[PDB]
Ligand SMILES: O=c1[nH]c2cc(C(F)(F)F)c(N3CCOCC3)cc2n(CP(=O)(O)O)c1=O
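Only one chain is shown below, in C-alpha cells, and it's the form solved without this ligand.
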C-alpha cells in the first residue's frame, strides 16, 4: 500500500523556482512557488505522498505532425513516466483528447505590455498607428490567434505585423520583455496576462499592463485516462476555489512578494 505519486512540473517563475539555498537542501524542499504550494494543498485534500520532478525536455506538450510523438509534460503522462502534472499548462482541445484536465485553477488572456511613458492605452490605440511597433512570439497560440481572427481591430493588427520591417516577432518570452525595455518607448509586446502582471511587479519597475484581455483561457491539472487520481483532484480544485485559497495564493506570489 501507499505508493509515492510522481508529479511533473516546469521551472518558470513564480510557479516553481529554486530556493536560494537549494544545493544544501533535499527532495521537495529544494523548490518554492505558486505550484509548489498548490501541490501540497492537492495532496493534503486527496491523502497521498509525492515527489516533485522537473520535466526532462523543458516543454509543455505538443504533438509532432510528422512523427506523431508527444513532447513535454503531456508526453511524460501518456508514455508512463509521471502520474500527474501540476503547472501553468493551458486547457486546449488537442491536449484534452489524450489526457484528463481538472476544472481551471487560474484564468488568463492575451494582453499588452508597454514601457512606462508610451502613449498607448488599448489594442484599438495600437491598430490606428505605426510609430510604436508591436508584435508577438514567433510561434504558438498568440500568433495564430491574430492570423485567424475575423474581428476588425485584430485583423488590422495582423496585417500590420505580417508586413512590418524589420521583423516584429521574437524567439522567446524573455526576448520580448527585453525588447520592450531597451527600445526607448518604441516597441510594445503581446503576451499572456499572468506573465504581464508578474513582470510589472519586478525591478526595475519600468513596464505596465494596459487595456482589457483580448481572449479567455485557463490553466488545469492533468492526469492520464482511467487514473484513480482524476476525480479526487477535480473535487479538490473546486473546494480550494470556494474556500478562497486560489485567490490567496495568487496574491501571495504576485503582490506580497512583489518589488514595486
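Residue numbers count along the first chain shown, from 1.
A second form of this protein, the form deposited with this ligand bound, is not displayed here; the remarks below concern that form.
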Proximity to this ligand in the entry with it bound (heavy atom, within 4.5 Å), stretch among 191-199, 221-229, 25-33, 45-53
191-199
Candidate spot 5, 79 and 100, all three in 4.5 Å heavy atom range of this ligand in the entry with it bound?
no
Hey, in the entry with it bound, is residue 89 touching this ligand, heavy atoms inside 4.5 Å?
yes
Evaluate residue 149 for contact with this ligand in the entry with it bound, applying a 4.5 angstroms cut-off between non-hydrogen atoms, and reply yes or no.
no
Residue 141 within 4.5 Å of this ligand in the entry with it bound, heavy atoms:
yes
At 4.5 Å between heavy atoms, is residue 179 in contact with this ligand in the entry with it bound?
no
